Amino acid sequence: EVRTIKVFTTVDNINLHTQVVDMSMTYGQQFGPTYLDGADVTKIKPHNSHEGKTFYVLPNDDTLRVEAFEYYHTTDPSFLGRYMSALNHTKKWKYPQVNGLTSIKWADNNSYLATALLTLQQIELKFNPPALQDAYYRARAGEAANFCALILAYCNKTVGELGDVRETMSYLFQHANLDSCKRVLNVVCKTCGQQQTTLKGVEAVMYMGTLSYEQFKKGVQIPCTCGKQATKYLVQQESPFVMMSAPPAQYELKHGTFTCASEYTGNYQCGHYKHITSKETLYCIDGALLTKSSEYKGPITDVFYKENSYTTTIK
């Protein structure tokens, strides 16, 4: 007749919701889309081994919608489904510790995430969504599948898709605490005069255009609207890091003068990322592969630098 078991559904693995299930129905019928440790179990009927387990459902009642928002800080209805679908893959990657950092053995065209994950472990960053804070702790410890799947979901990228690092840090920074970050710039044009500007949030820690923090501090040449080239330079920065990005170009990472950088060999549709880190010397981390050198020149796209408080001396 009626054969049934007890489960918990959840969206955050924090609030669990007891349900009973008629074994005579596949999970979807009773819950909608249903997952077991990443596996889409919507179309399976309950096993005796399921008694007492926990299942992610979708926020299909008002209570779950609010819990999901408090945990993930997103209101895209498809977020949890897209996250779970990614997790079915990221749980299958291997995440070896290479030079003290969690990287990822190459799989499923994930080179940009490996380099993002290594970068994330070297910069001062506290996340706001509890899901990312929790998954990031796990990632730093070496169990990074959930972290990788959440980055994919927040970035609207699917498993196997070609990725760009600059876009990922910007997406993640929208979800990071940059409250104390401050950037002050002056732009001096021989025609137009001087203009100071203050920037906040992601733009206060990100600049696209030069890899050299020294050149940014000294002044970089950009076009002015009057037609002249003006020079823009950094007057004041209060932040724990900066990220500099540019189209891939041959570049000289010198030991000890930056934190880490990303190297891109390829073209705009297909290319490969490697991570370069400055430790006692220069290490090139490529998934599980590791190399060392005293100097480096290669096709660099992003350079990260340490910071606390900077004020220019150029008046």
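Don't overthink the numbering: it's just position in the shown sequence, from 1.
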Going by the average Cα B-factor in the PDB entry, point out whether 94-102 or 160-168 comes out higher. 160-168
In the PDB record, does 234-242 or 116-124 carry the higher mean Cα temperature factor? 234-242
Which of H275, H272, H50, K254 ranks first by CA B-factor in the deposited coordinates: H50
Choose from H73, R140, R82, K182 the residue with the greatest Cα B-factor as stated in the PDB record. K182
By the recorded C-alpha temperature factor, relative to the other modelled residues in its chain, which third is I14 in? lowest
Check where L199 lands among this chain's C-alpha B-factors and tell me if it's the lowest, middle or highest third. highest
Temperature factor at the Cα of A145, chain-ranked in thirds, falls in the lowest
Is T291 in the lowest, middle or highest third of its chain when residues are ranked by C-alpha B-factor? lowest
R65: CA temperature factor from the record, placed by chain third, in the middle
